[PDB]
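For reference, the structure is listed below as structure tokens.
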Amino acid sequence: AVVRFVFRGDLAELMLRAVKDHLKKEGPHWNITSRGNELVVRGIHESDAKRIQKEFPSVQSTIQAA
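As numbered in the deposited numbering, the sequence shown has no gaps in its residue numbers, which increase by one up to the final residue, 65.
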């Protein structure tokens, strides 16, 4: 699956960086990339994808199960 986080406002870059550092610790094996205000996690299990969405529930996110 794929999770995409979209960060908003004047702090978006710093919040992305915070979330990115956190997720690199949760899943050192996850393929994590970012550009602009979007953070993308690939190679994550669909159930783990709903978990990290639920961990940062106020960050807008999408999940692609395919």
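Idealized CB from N, CA, C, for every residue including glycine.
What do you reckon, are the CB atoms on residue i and residue j nearer than 8 Å?
{"i": "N36", "j": "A11", "result": "yes"}
{"i": "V1", "j": "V40", "result": "yes"}
{"i": "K19", "j": "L38", "result": "yes"}
Under the three-state reduction of DSSP, which class applies to residue i: helix, strand or coil?
{"i": "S46", "result": "helix"}
Take residue i as the anchor and find which of the options has the nearest alpha-carbon.
{"i": "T32", "options": "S57, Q52 and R16", "result": "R16"}
{"i": "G8", "options": "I62, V58, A65 and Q63", "result": "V58"}
{"i": "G26", "options": "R50, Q63, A65 and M14", "result": "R50"}
{"i": "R34", "options": "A65, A64, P56 and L13", "result": "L13"}
Thinking residue i and residue j are a contact (beta carbons under 8 Å), I'd like their distance in whole angstroms, please.
{"i": "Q52", "j": "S60", "result": "5 Å"}
Please give the ranges of any alpha helix (DSSP H) in the stretch 4–36, keeping only runs that are unbroken, at least 4 residues long and fully inside the region. Within the stretch 4–36, complete alpha helix (DSSP H) segments of at least 4 residues are found at 11–25, given in chain order.
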